[PDB]
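Structure, as structure tokens:
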Amino acid sequence: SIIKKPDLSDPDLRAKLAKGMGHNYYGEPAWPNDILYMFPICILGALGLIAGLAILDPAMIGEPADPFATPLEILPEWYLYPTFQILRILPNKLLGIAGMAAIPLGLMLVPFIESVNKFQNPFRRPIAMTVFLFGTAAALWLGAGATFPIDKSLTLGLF
Amino acid sequence: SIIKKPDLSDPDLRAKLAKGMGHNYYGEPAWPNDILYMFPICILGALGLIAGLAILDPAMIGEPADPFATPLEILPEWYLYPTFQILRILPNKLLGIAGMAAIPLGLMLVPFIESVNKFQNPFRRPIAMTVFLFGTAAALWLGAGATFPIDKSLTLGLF
Amino acid sequence: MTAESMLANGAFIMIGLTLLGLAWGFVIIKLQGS
Amino acid sequence: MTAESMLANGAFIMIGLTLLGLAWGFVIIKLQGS
Amino acid sequence: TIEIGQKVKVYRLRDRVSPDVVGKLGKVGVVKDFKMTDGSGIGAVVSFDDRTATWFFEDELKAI
Amino acid sequence: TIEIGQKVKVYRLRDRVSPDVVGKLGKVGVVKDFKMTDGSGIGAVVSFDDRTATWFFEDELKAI
Amino acid sequence: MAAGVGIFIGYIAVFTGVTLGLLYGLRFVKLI
Amino acid sequence: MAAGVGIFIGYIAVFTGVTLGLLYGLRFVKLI
Amino acid sequence: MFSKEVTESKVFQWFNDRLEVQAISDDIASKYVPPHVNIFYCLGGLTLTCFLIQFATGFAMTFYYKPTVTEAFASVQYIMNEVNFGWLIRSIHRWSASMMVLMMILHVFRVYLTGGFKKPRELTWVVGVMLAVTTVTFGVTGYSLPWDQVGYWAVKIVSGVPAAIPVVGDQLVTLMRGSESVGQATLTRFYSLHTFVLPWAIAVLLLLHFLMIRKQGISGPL
Amino acid sequence: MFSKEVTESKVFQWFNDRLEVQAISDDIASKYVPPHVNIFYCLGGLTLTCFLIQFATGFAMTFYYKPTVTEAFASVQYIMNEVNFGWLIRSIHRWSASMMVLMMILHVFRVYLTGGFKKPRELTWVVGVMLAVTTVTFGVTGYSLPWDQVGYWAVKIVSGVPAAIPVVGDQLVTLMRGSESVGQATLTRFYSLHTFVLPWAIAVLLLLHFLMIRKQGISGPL
Amino acid sequence: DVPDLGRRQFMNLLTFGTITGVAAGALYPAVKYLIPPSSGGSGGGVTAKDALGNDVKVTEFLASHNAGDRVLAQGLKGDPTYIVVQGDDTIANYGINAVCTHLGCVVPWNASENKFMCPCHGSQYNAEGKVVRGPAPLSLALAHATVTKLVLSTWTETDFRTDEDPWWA
Amino acid sequence: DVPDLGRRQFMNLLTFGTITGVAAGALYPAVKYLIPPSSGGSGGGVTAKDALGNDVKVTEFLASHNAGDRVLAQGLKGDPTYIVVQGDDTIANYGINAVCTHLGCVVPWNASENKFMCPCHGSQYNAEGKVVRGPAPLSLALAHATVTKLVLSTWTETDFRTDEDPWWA
Amino acid sequence: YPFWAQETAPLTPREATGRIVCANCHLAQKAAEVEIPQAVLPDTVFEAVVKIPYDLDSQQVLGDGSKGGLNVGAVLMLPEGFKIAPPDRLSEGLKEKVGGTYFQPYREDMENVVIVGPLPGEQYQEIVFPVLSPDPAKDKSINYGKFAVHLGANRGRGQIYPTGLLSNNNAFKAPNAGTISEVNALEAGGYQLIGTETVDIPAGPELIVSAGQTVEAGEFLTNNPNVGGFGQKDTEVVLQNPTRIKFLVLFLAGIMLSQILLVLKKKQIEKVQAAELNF
Amino acid sequence: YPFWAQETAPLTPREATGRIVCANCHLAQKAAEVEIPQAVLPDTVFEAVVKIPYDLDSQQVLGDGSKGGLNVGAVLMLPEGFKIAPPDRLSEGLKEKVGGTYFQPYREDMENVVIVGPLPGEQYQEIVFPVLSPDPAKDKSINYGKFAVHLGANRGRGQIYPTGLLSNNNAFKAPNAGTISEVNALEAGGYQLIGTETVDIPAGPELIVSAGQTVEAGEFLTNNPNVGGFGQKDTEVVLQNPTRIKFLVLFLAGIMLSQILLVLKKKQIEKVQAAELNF
Amino acid sequence: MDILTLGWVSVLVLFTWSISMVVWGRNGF
Amino acid sequence: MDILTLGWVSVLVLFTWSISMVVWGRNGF
Amino acid sequence: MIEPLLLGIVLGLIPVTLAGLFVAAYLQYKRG
Amino acid sequence: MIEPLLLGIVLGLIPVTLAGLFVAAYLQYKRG
Ligand code: FES
Ligand code: FES
């Protein structure tokens, strides 16, 4: 597509770019290039892939809930695998709860702490990519530990 | 209160007023005069009057539904009293459903039929006020008829 | 008194108290006189 | 294959077919005439 | 569209009015203010010689 | 602070750069285009004598 | 009910008294 | 899953053939 | 819309710097209520007040009401009796349904007798009539939820009238009832409509309606 | 946004005389996608796609699912077996919950690794985190609706966690469970939260989020 | 040759027509889903059930009514169908579907007058269920009532009252 | 004089303070409403039921399960409480609440080991219910059991295991 | 009478359809009214004036045959917990108003439902039922709320006995299409009319078919002498908690005062705005 | 053995908790696996390779206190409708692969659940269970969907008989605190340890407390000779309707083609826009 | 004073008063 | 040809193809 | 069932609102 | 319970998307 160039002569676009906004004023046209044509490409991709995953791997009717019999290994959804492990590994329950609540509240502070550095590129914020890659590896490690026995949860049975 | 005067020198306001719009450009200020202060007077009026009607005349727990016994007099809500009377009195069920559906579509046609005339005042809309007052009296008469027995529904037992 | 009578009396009280509403607001407007 | 086997191979299929999609769409870009 | 402070003559009366207002018909009155009218047109209040200021539709009055 | 065609001279390099840009430090160039850099900055492509054009941040370059 | 009209009158009267007490009072202390 | 790999090759070859056929054909009839 | 103290406060300057919230203030403050507007133009807004009460108290009654044929009447008498202030919440909900429909009828009388619907505002009136239909649908679906005698038989009557059409009507009856006969499927479907489908339909219609009244403003003087 | 043909047609000319729909077209067409945007900026939009499927198929499952402890599992196996394509609708819904959360994690990775959250888009990120919490709440409330073993015990565990708070934990557990023990009150409350409260909360948070994206636009080039 | 209106509209017909075919493919399972499953039962002999959930035994009924009055029991299409005794010994071979045709108010049986008398709007029916008077256009549907378990089957033969093909069939 | 900022803010405090008092008056019934009603005034003598929900008779329980076996019966706070027999003649006067203290996982009984063994994280308890091992800091709650109707009363007296105040109380 | 309702349907006078059993035998349908307060505080004697209004001069065929005065009975089905106030709770004014009317429960353990009658209609055109509202505080089963009060008030004789025969106060109809060959009085008002199926009618209604005209099955042989009729009137009574209204009055006074303060804050902002416009 | 599970818990091997009855007596825990296809078309013989891996050189103590080879059994709980394919339905590859393994239903009317064992572990480290998927089309009760396939797989001798006694393959422990006295070989290899409570142990275990150290209640007296254990693996098998995948493949090809046409319409509008900018 | 009368008169008075406060604030009808 | 294999390969091909159509349409990644 | 109070509020408000909208209309229509 | 296919897709996409975002970032960062 023929791409508009940012009209930097315009003082309004220069002021908006100073504040960090105004990037929706140059490049290829939003409509119909991307919104009309590409968005339904992704919508139909996702609808078709979700329908194919539903058909090929349908949902399982479990057994009826027994309040008297606890399943040997109860697990939550996969997205709460790292959170669930936090609960079981930590000896004090209240500490586990504090960690669970520190996940979303800790996320909510990411922008305020990180905005000290104006650069958006990961390679220009080394410390933020170190903390992020450590936290993503720790959340994937906790999630993988959730799916093991509590004895071998912290090592994934590797050690 | 300070009342803005319509700045008719402005050609934009004159163009808007030509199309029938642009009446939100003159008069008393919307905020905070009316929206902030006067609207909560009505919100608290209605909340207090609905709470007082609820307390003084609480909801009535009816009888448990019996599929085998039809109430001697089954009635809908009051707003469907004219809709319901139409059903019972009109012999053919299909004309009854035609009338029930003709209420909303005829209402949807009110603007297109009546916009031939530009004058909004009821006193400058003789035929429209005739049809409206006749239809309001007919809907109140049908609604009052719904409560009565089917023998005395069309006359309200009056004659 | 009875619930049934609140069909008739309740309707007239409404007509009565809407206008008495209206009128009294004008009374306040006149009384304030500023 | 088995349902349980689809954890590891399915993850490698995901990485592989995401990169193959990128590659094949760059291929389609080139195969068209500018 | 209509000049303020402009003498106007009422050629026609759109609505049925009291006899006094009908007396105003055909009388020159300097418009004193603009009132928004029913059709969203700019009607003009007309101050006549006797000072019975009565509003009129723009259609009714004719600029003089 | 920068305009197109304006002769410029890179004096600092905010980020780590390849050997070419190492050599380009203290080099004479002519602005070729306006880059859109991170931090919402107005960068500038610079065509040096070498004939290879490299984008630079606004702070890096010195107008001369 | 006649008792209801008496209580209604009293209600309205007292509320007018408070509204105008507050109106003229705040106008006097210049809050309005 | 050798047969599955065969089907995958077949799907990408069929569809890429349809895509380039349609693109060059439409450009030839001057539609695109 | 924002007083000087709020305009100068560093917090508001933070919001203004990022989302330019001052533009909202300018848009809200630019509007004016014309002189011809009177108390009756409140009726539309009061129709929304009664809806928002109905939105809140309905949310209250979803926590306790059980849309089952064996438990719906028991759960409604539980709301009334056992639940704290459930008598108040349910009675307020019934009363705000009746008062929403009454305020709506009065609002249609105002609009009609002020020529609000006239060109250019034909579509505001049409979305109005759609809103009205949606509200009566809320009333009908709600009337049957207690699964009391009145509710069950009102749904019996109303849901069987589509049968009047010789062929298609039978399908419409099986769709409305969700079964050949009013039963548990009819209560699950009427509850899904009442508490989910119809709040979203009336919220999309309320947004359309209020957007068209915001754009066009209020009607002219009578 | 309107071609030359749609524009100048008497119908578009009608809608544009009244509502000035052309301004919407001008606003949609004024925007541009900067060059730095790539395939990964799709991920947030796909998070909405997965939500809209979850909105539609959830609407589908409200017509048949019965939120009662005696009938919830029977109604879920009725959806699966008896209902037409209810296997497909339920499987699509279960799969789109996982894919919504996955698309949301991949979108948090994009945003965070593109510096999208940095000033001035701090509040968009914060509403993002709110959205994420709401989505995981949708997942938890939904997981328990079938009232199967895994569901009932997952709600047992998660809903008894607030007990560990020293002073106010027990009342939070009684509140979220709606009873001393996970039972019918917990299923009525989790269903009310799932199908009514949480769709409205996530729709208000989605509208806030998208309004802040639109006002501020997309982040700068990396 | 820049694509003109005609060619642009043809490419819009191609693209959005194919997306409309895919959309209809995705919508069809949803529409069929919303249509209730056709699982009313066999559609023929549906054992008449008691007012309570239990399915009424023919003999137990034959030992309960005592011939005082007509009784109702869940019928075809889930409408309470009267079961006549007509001698106490053996229930009548026919059961009058007790759903008024005007709107569906279940018609009670006034054994004093020997005629159904709906209180809803006052549509009378005789012992056989034909409309002697009233708004109801059609007659009450009939069902088969075997003495065996009870099975209710729509009246497939001509009704013996109006001597016409049954509207309900 | 024109109201200054202080005067304007004081009148704003008057008006919106009163509207906040009315709002709190209207909001209090809603918040109290959302708070679930207490099942009963006192959670005492809570007749032991079953998962199916039928009341469990002491005598019927005694006849079954022979001796030295544990079977769960719904107890106080709607938690399954094991009911010991300890001789097949009179149920023990105490019933261990088989709910893991740290989590909610119901604890099964292994009669072979003579020790509770929770499968979730392996939190064991002895025959008496006391914490012997595992991540659960607190012990299983106790109740009274009556051999004559079965009722479970909150065990308030000092537990005879740790000889300290009941944590559950 | 009302006690044949106890006999015929001892469980409850009202059916599930809401039709009081009185109608099963009192075929005619006259009016009926109850003047029950829209709301009644707990543990308070109130009155429910059941009007059973029939024309005073109208005369009905007494069982013997000779016309006479009508009587009036009723089944006032009060809500759960309500009863008939005991005489000690009655005030002297209500001691006088009620008089010596005997009120009996439809059955023991069902004191709410009360069956008055039969009472001479001349002086019981209005039967004051002295009710005593229950206290939800004392009785947990009772709660405050709107509850339905169903009345079945009947005047005049019935038409069908509990035996299932037909009373003299009833328009007889043809058993079979048989010509009236014979009509004889035998110093009585009964008429052995004559397929020529011999049928007998008692000494109640006068014949409309006295002539030798042929008869068809179903056609009324006699006029309908029933000048009375059963009626039923379902109303509602709100058992109101006084505390609910105390807190309601407090809440609505708070709202009224807040509305005053809203108009006064608007007056203040209008003064500020007027000073802003001035330059 | 597997039949002691049939006897002990005839209704079902799996408890409500999902713990197969095996564990109640096979106390140890070793790994167990099932190689079941992720999906199986209806009415198709497939294979479920139940892996029961134990170290083959490992030797257990036998009933007669003599080291020897382990055996391997299992309880493959297939979904409803599934069964063991009869020999006719088996293919030659599966006819030979399965061999002469005898598979029996856990109980009549429970063909889905199948018990194998005891089998010599030397040659049965993997037991191929030839399953036959059901046809929902032919069987109304059965439907297409994802179903759970539980497994039990003991690989060694138990520890407690159905009688409730304890087997010689067990770590015997102290009943009461005492001190060993007069220790001797009571049986051929059994011992008689001596509160001085006389306790007897079988020949299997070897004493870890043979020294004259004092004993305390509940202290393991011998080594644990249990080299085997029981394991359970719950998996899933999707009984897939082939028509579902035919229409899925057709729908996804439709989507793919529509995506091509969307890119082509974007190309057309890019051409129109590029020529529109040019003047 | 009957508390039932006082409740009905409080609701009636709040309806009258809300109408009067709306015509007072807005300065007309 | 195994229908099951064609079922999984259709979904895998639609994932690959949607990625390739998004990078083709947008003319890059 | 019939709710008499609610129909009293309805039949009271409907005609008073109609009368008041016709009065506001007449007064706007009047020419001073 | 563990859905192995879903976990496979999660563990496949997470790291490929992370690598792709770090590659996009490196390509924007590097100077031509
Ligand atoms: S439904 Fe019975 S007469 Fe109309
Ligand atoms: S809850 Fe018992 S071991 Fe985890």
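Ligands are numbered from 1 in the order shown, chains are lettered A, B, ... in the order of the structure tokens, and residues start at 1 in each chain.
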
Identical-sequence pair chain P and chain O: C-alpha RMSD when superposed in order: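 Chain P versus chain O: RMSD of 0.2 Å.
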
Long-range neighbours of stretch 8-25 of chain O as an MDAnalysis selection string, 6 Å cut-off, only C-alpha atoms, 2 positions minimum in chain: (chainID B and resid 45 52) or (chainID C and resid 17 21:22 24:25 29) or (chainID G and resid 8) or (chainID M and resid 249 263) or (chainID O and resid 5:6 27:29)

Could you save those same residues with N, CA and C atoms as a PDB file, in the first residue's frame?
```
ATOM      1  N   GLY B  45     -36.306  11.778  43.438  1.00  0.00           N
ATOM      2  CA  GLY B  45     -37.753  11.700  43.500  1.00  0.00           C
ATOM      3  C   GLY B  45     -38.244  10.318  43.127  1.00  0.00           C
ATOM      4  N   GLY B  52     -41.018   3.978  48.301  1.00  0.00           N
ATOM      5  CA  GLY B  52     -42.194   4.127  49.137  1.00  0.00           C
ATOM      6  C   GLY B  52     -43.350   3.292  48.632  1.00  0.00           C
TER       7      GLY B  52
ATOM      8  N   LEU C  17     -52.514  16.085  43.251  1.00  0.00           N
ATOM      9  CA  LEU C  17     -51.204  16.395  43.802  1.00  0.00           C
ATOM     10  C   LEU C  17     -50.164  16.733  42.751  1.00  0.00           C
ATOM     11  N   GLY C  21     -48.457  20.104  43.254  1.00  0.00           N
ATOM     12  CA  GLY C  21     -47.029  20.162  43.098  1.00  0.00           C
ATOM     13  C   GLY C  21     -46.690  21.386  42.278  1.00  0.00           C
ATOM     14  N   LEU C  22     -47.114  21.376  41.012  1.00  0.00           N
ATOM     15  CA  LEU C  22     -46.851  22.497  40.120  1.00  0.00           C
ATOM     16  C   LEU C  22     -47.078  23.836  40.792  1.00  0.00           C
ATOM     17  N   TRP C  24     -47.374  24.773  43.887  1.00  0.00           N
ATOM     18  CA  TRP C  24     -46.595  25.155  45.044  1.00  0.00           C
ATOM     19  C   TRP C  24     -45.196  25.562  44.627  1.00  0.00           C
ATOM     20  N   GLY C  25     -44.654  24.955  43.569  1.00  0.00           N
ATOM     21  CA  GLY C  25     -43.350  25.398  43.116  1.00  0.00           C
ATOM     22  C   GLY C  25     -43.393  26.838  42.658  1.00  0.00           C
ATOM     23  N   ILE C  29     -41.450  30.145  44.015  1.00  0.00           N
ATOM     24  CA  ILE C  29     -40.785  31.107  43.150  1.00  0.00           C
ATOM     25  C   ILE C  29     -41.287  32.497  43.489  1.00  0.00           C
TER      26      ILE C  29
ATOM     27  N   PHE G   8     -50.598  15.840  55.592  1.00  0.00           N
ATOM     28  CA  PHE G   8     -50.009  16.340  54.354  1.00  0.00           C
ATOM     29  C   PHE G   8     -49.771  17.839  54.456  1.00  0.00           C
TER      30      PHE G   8
ATOM     31  N   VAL M 249     -40.329   6.982  56.077  1.00  0.00           N
ATOM     32  CA  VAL M 249     -40.585   8.399  56.281  1.00  0.00           C
ATOM     33  C   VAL M 249     -39.276   9.130  56.511  1.00  0.00           C
ATOM     34  N   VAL M 263     -31.626  22.463  44.966  1.00  0.00           N
ATOM     35  CA  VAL M 263     -32.098  23.688  44.335  1.00  0.00           C
ATOM     36  C   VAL M 263     -31.317  24.874  44.878  1.00  0.00           C
TER      37      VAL M 263
ATOM     38  N   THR O   5     -50.975   5.948  57.714  1.00  0.00           N
ATOM     39  CA  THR O   5     -51.310   7.230  57.120  1.00  0.00           C
ATOM     40  C   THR O   5     -50.049   8.045  56.906  1.00  0.00           C
ATOM     41  N   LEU O   6     -49.149   8.045  57.890  1.00  0.00           N
ATOM     42  CA  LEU O   6     -47.932   8.831  57.758  1.00  0.00           C
ATOM     43  C   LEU O   6     -47.045   8.303  56.640  1.00  0.00           C
ATOM     44  N   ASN O  27     -37.516  27.113  37.389  1.00  0.00           N
ATOM     45  CA  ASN O  27     -38.160  28.419  37.317  1.00  0.00           C
ATOM     46  C   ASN O  27     -39.420  28.427  36.465  1.00  0.00           C
ATOM     47  N   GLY O  28     -40.000  27.275  36.163  1.00  0.00           N
ATOM     48  CA  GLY O  28     -41.247  27.268  35.428  1.00  0.00           C
ATOM     49  C   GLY O  28     -41.632  25.871  35.003  1.00  0.00           C
ATOM     50  N   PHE O  29     -42.729  25.813  34.257  1.00  0.00           N
ATOM     51  CA  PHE O  29     -43.238  24.559  33.729  1.00  0.00           C
ATOM     52  C   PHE O  29     -43.765  24.739  32.311  1.00  0.00           C
TER      53      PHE O  29
END
```

Test item: residues no farther than 10 Å from ligand 1, counting only C-alpha atoms and all ligand atoms, as JSON, numbers by chain: {"B": [70, 87, 88, 89, 91, 150], "I": [157], "K": [98, 99, 100, 101, 102, 103, 104, 105, 106, 107, 108, 116, 117, 118, 119, 120, 121, 122, 123, 124, 125, 133, 134, 135, 136, 137]}

Close residues, stretch 142-156 of chain J itself excluded, 8 Å, only C-alpha atoms, min 2 positions apart in chain, as a ChimeraX atom specification: /A:61-67,70-71,74-77 /J:67,69,72-73,76,138-140,158-160,182,187,190-191,194 /L:104-105 /R:1

Generate a file of the selected residues that holds N, CA, C and O atoms, formatted as a compact mmCIF listing (two decimals), in the first residue's frame.
```
# COMPACT_ATOMS: atom_id res chain seq x y z
N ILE A 61 -17.86 -33.98 29.19
CA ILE A 61 -18.76 -34.06 30.33
C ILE A 61 -18.06 -34.86 31.41
O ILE A 61 -17.79 -36.05 31.24
N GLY A 62 -17.75 -34.21 32.53
CA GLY A 62 -17.10 -34.91 33.62
C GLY A 62 -18.07 -35.84 34.33
O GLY A 62 -19.16 -36.15 33.87
N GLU A 63 -17.62 -36.30 35.50
CA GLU A 63 -18.54 -36.99 36.39
C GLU A 63 -19.29 -35.99 37.27
O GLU A 63 -18.80 -34.88 37.51
N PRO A 64 -20.47 -36.34 37.76
CA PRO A 64 -21.22 -35.41 38.61
C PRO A 64 -20.48 -35.13 39.91
O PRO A 64 -19.81 -35.99 40.47
N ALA A 65 -20.63 -33.89 40.39
CA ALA A 65 -19.90 -33.46 41.57
C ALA A 65 -20.31 -34.28 42.78
O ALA A 65 -21.50 -34.40 43.09
N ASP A 66 -19.32 -34.84 43.47
CA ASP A 66 -19.54 -35.49 44.75
C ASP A 66 -18.97 -34.62 45.86
O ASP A 66 -17.74 -34.46 45.93
N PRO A 67 -19.79 -34.04 46.74
CA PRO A 67 -19.23 -33.25 47.84
C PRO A 67 -18.46 -34.07 48.85
O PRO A 67 -17.73 -33.49 49.66
N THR A 70 -13.18 -36.09 47.20
CA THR A 70 -12.32 -35.12 46.54
C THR A 70 -11.50 -35.81 45.46
O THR A 70 -10.87 -36.84 45.73
N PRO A 71 -11.50 -35.31 44.22
CA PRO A 71 -10.65 -35.92 43.19
C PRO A 71 -9.20 -35.99 43.64
O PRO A 71 -8.69 -35.05 44.26
N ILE A 74 -7.05 -32.47 41.90
CA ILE A 74 -7.87 -31.37 41.41
C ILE A 74 -6.95 -30.28 40.86
O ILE A 74 -5.95 -29.92 41.50
N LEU A 75 -7.27 -29.77 39.68
CA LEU A 75 -6.51 -28.68 39.09
C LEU A 75 -7.45 -27.61 38.57
O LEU A 75 -8.57 -27.90 38.17
N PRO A 76 -7.01 -26.34 38.57
CA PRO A 76 -7.81 -25.28 37.95
C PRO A 76 -7.59 -25.22 36.45
O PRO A 76 -7.08 -26.17 35.86
N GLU A 77 -7.97 -24.11 35.82
CA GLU A 77 -7.63 -23.92 34.42
C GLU A 77 -6.13 -23.69 34.28
O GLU A 77 -5.41 -23.42 35.25
N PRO J 67 -28.93 -23.33 35.97
CA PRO J 67 -27.98 -23.14 37.07
C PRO J 67 -28.52 -23.62 38.42
O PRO J 67 -28.71 -22.85 39.36
N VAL J 69 -28.19 -27.11 41.29
CA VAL J 69 -27.25 -28.17 41.64
C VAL J 69 -27.77 -29.53 41.22
O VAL J 69 -26.97 -30.46 41.02
N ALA J 72 -27.75 -28.81 36.79
CA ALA J 72 -26.72 -28.13 36.02
C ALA J 72 -25.89 -29.12 35.22
O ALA J 72 -25.59 -28.89 34.05
N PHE J 73 -25.56 -30.26 35.83
CA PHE J 73 -24.78 -31.27 35.11
C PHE J 73 -25.66 -31.97 34.09
O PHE J 73 -25.21 -32.27 32.97
N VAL J 76 -25.93 -29.63 31.21
CA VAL J 76 -24.73 -29.53 30.39
C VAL J 76 -24.58 -30.77 29.52
O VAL J 76 -24.20 -30.67 28.34
N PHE J 138 -14.09 -14.60 34.84
CA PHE J 138 -14.99 -15.32 33.94
C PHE J 138 -14.61 -16.78 33.87
O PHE J 138 -15.47 -17.67 33.93
N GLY J 139 -13.30 -17.06 33.84
CA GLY J 139 -12.85 -18.43 33.77
C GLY J 139 -13.19 -19.22 35.02
O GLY J 139 -13.62 -20.37 34.94
N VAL J 140 -13.03 -18.60 36.18
CA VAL J 140 -13.28 -19.29 37.44
C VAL J 140 -14.77 -19.53 37.62
O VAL J 140 -15.20 -20.64 37.95
N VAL J 158 -11.04 -22.50 45.54
CA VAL J 158 -10.77 -21.08 45.31
C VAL J 158 -11.63 -20.23 46.23
O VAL J 158 -11.18 -19.19 46.73
N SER J 159 -12.87 -20.64 46.48
CA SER J 159 -13.79 -19.82 47.25
C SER J 159 -13.53 -19.89 48.75
O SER J 159 -14.00 -19.02 49.49
N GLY J 160 -12.79 -20.89 49.21
CA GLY J 160 -12.41 -21.00 50.60
C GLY J 160 -11.08 -20.36 50.92
O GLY J 160 -10.68 -20.33 52.08
N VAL J 182 -19.96 -24.27 49.93
CA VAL J 182 -20.26 -24.30 48.50
C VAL J 182 -21.49 -25.16 48.28
O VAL J 182 -21.53 -26.34 48.65
N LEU J 187 -23.73 -21.61 43.44
CA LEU J 187 -23.92 -21.81 42.01
C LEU J 187 -24.80 -20.72 41.43
O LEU J 187 -24.53 -20.23 40.33
N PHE J 190 -22.29 -17.66 41.38
CA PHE J 190 -21.31 -17.78 40.32
C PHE J 190 -21.95 -17.67 38.95
O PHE J 190 -21.35 -17.09 38.04
N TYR J 191 -23.19 -18.13 38.79
CA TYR J 191 -23.85 -18.00 37.49
C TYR J 191 -24.29 -16.56 37.24
O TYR J 191 -24.14 -16.05 36.12
N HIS J 194 -21.27 -14.80 36.30
CA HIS J 194 -20.68 -15.25 35.05
C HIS J 194 -21.45 -14.70 33.85
O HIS J 194 -20.85 -14.19 32.90
N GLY L 104 -9.59 -27.07 51.20
CA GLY L 104 -10.95 -27.55 51.36
C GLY L 104 -11.06 -29.03 51.05
O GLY L 104 -12.11 -29.64 51.26
N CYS L 105 -9.97 -29.62 50.54
CA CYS L 105 -10.00 -31.01 50.10
C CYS L 105 -10.48 -31.91 51.22
O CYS L 105 -9.91 -31.92 52.32
N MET R 1 -8.56 -31.16 35.37
CA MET R 1 -7.71 -32.10 34.59
C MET R 1 -6.85 -31.35 33.59
O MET R 1 -7.13 -30.21 33.23
```

12 Å contacts from chain J to chain R using only C-alpha atoms, as a ChimeraX atom specification: /J:35-43,94-115,143,148-151,153-154,220-222

Nearby residues (only C-alpha atoms) at most 9 Å from stretch 244-248 of chain N, same-chain spacing under 3 positions excluded, as a count of residues only: 17

RMSD after least-squares fit, chain M onto chain N [all C-alpha atoms, in order]: 0.6 Å

Shell around residue E:8 at 7 Å using only C-alpha atoms, local window under 3 positions removed, as an MDAnalysis selection string: chainID E and resid 28:30 61:64

Would you mind exporting C-alpha atoms of the selected residues as an mmCIF file, in the first residue's frame?
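The resulting file, part-v6.cif, is reproduced below:
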```cif
data_model
loop_
_atom_site.group_PDB
_atom_site.id
_atom_site.type_symbol
_atom_site.label_atom_id
_atom_site.label_comp_id
_atom_site.auth_asym_id
_atom_site.auth_seq_id
_atom_site.Cartn_x
_atom_site.Cartn_y
_atom_site.Cartn_z
ATOM 1 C CA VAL E 28 -45.707 48.659 10.575
ATOM 2 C CA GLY E 29 -43.755 47.594 13.646
ATOM 3 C CA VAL E 30 -40.002 47.701 14.229
ATOM 4 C CA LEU E 61 -44.314 39.446 8.254
ATOM 5 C CA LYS E 62 -42.752 41.050 5.176
ATOM 6 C CA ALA E 63 -39.689 43.273 5.459
ATOM 7 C CA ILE E 64 -40.410 46.977 5.005
#
```

Residue J:79 environment, 7 Å, only C-alpha atoms, sequence neighbours closer than 5 positions dropped, as a PyMOL selection string: chain J and resi 64+86-87
